[PDB]
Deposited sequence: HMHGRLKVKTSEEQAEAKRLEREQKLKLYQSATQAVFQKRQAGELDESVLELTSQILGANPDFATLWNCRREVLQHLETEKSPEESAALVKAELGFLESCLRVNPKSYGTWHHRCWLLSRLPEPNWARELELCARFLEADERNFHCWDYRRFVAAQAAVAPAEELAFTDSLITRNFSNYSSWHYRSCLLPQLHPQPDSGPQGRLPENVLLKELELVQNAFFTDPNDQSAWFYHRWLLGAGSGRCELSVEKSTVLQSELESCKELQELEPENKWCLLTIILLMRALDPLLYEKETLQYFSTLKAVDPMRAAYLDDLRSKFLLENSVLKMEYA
């Protein structure tokens, strides 16, 4: 386990957990698939949501009761189950078992309130914008409810502007954009709008590694050089000068130095050869842990340059 910093109540909690665990397993071997089971496991799963076998037991119980109960009784059971799940997620929102049981449950209902599930997501994501279990569940809900790529794109925009911790929202955007495109990597107009959105982010918070990672992808997602349009060429030159400005304001910022090299590659490898090499030396001094990566990147670019010069007529 993690985040555990360096007794009597612990010994009493354990003996209760042991007795209830004891009791559930006996009841299970005996084939007693009933609400008492549900009562027993609720006491354990609350503190201990990664005890997977007890989620299976709840499922076995609910499955059995669906046969030998009325529809209204079965409906009351699923609503109780949804409340229980929500209270488990409040105490531990990062358990595989809980989120899976919620999906299992929702997938077998006929008809689930999917808009309510999307709102649950928005709440958990206000609390922790990086919780990947909750983004996965959101993608599950959006698919089941056939929510359109454009609606989800609108959700991601609010999340990126309202605050940072944006790696998961930029990741989401990278999947959504290709979809409303679609294609059988990004059309120029879409790309240009995204470059503008990402460049806002990284001049708003140059710390903010997620926008730089996304921006590197955008730089490779074009139709490339030199089919550089005059608009894209201008945009990239203007990004280059803005990164140079930011370099003055933040001379220890490694992301803007790397991005300058990348932009020069995107613009004209051979024309900017001298400046590119200068930037590698500044970068290595600023981010010495990445020296090996940076030497290997520079070697790759120098080889590409040699190939470009050998292509001369």
Which segments of the deposited sequence lack C-alpha coordinates in the modelled structure, numbering from residue 1?
1, 8-18, 197-202
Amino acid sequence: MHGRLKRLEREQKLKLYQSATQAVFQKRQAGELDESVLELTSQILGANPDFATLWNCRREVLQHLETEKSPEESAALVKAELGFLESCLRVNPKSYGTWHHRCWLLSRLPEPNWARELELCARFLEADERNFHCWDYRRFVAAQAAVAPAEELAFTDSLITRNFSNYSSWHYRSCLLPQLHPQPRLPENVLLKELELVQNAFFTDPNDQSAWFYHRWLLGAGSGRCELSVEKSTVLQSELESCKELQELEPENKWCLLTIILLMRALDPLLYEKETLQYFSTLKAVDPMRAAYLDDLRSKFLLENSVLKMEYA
From here on, numbers count along this sequence of modelled residues.
Quick one: say whether 25-33 or 266-274 has the higher mean Cα B-factor in the deposited entry.
25-33
The stretch whose C-alpha atoms carry the larger average B-factor in the entry, 294-302 or 12-20, is 12-20
Per the PDB entry, maximal CA B factor within 117, 72, 86, 126:
72
Top residue by Cα temperature factor, when 220, 93, 97, 182 are compared in the entry
182
Compared with the other modelled residues in the chain, in which third is the CA B-factor of residue 260?
lowest
Taking the entry's C-alpha B-factors for this chain, is residue 205 in the lowest, middle or highest third?
highest
Select lowest, middle or highest to describe the third in which the CA B-factor of residue 136 falls within its chain in this entry.
lowest
Chain-relative C-alpha B factor for residue 67 (record values, thirds): the highest
Of the three thirds of its chain by CA temperature factor, lowest, middle or highest, which one includes residue 157?
highest
